[PDB]
């Protein structure tokens, strides 16, 4: 397996990575909240299902509002990258990258694939990086805990922004009510962190 970054390349930053959207209505509201709060983030969106109705514009909206769009690689492949033919695996990924580049009007630079202890499948790592796409990890996921906002606050308040940074993994579908997000932003800002997109979080990686 291949190591992936699980913190930013410099201190003082919180990079939220919203993963497995877009979700009709839910994602639109998250984007509204981020815009109002003046924060930048990252959305690792899927493209394994055709975007229905007003979902399609979300891929472009995220980029236009200063966020990064990353590819959440086809979740139906999660069980095992080694289990499909190398060709099947790679062809699918390549098509998804072309699709999300199209929908977002950009060239993606990042992806979200399954992680184990800060590492991803090497075959998948190689497929992405030969295309100039870096799979990313995360420092903390609030859903790993009984009290998500409390554990977040405990971690942030115990840290020091002059030395620390965080990539925080969230899911659109789990934030249908945006109060937790609002609260997490306040907590981070009160402690002195800047909320950044993945481009800024991972500047100069390697």
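Numbering follows the first chain given and starts at 1.
Higher average CA B factor: 173 to 181, of the stretches 53 to 61 and 173 to 181. Checked against the record, the higher mean CA B factor of 29 to 37 and 145 to 153 lies with 145 to 153. Annotation for 124, 133, 73, 116: 116 ranks highest, by Cα B-factor. Across 112, 128, 100, 88, the entry's maximum B-factor at the CA atom is seen for 88.
In the PDB entry, a CA B factor belonging to the lowest third of its chain's modelled residues is recorded for residue 44. The PDB entry assigns residue 6 a C-alpha temperature factor belonging to the middle third of its chain's modelled residues.
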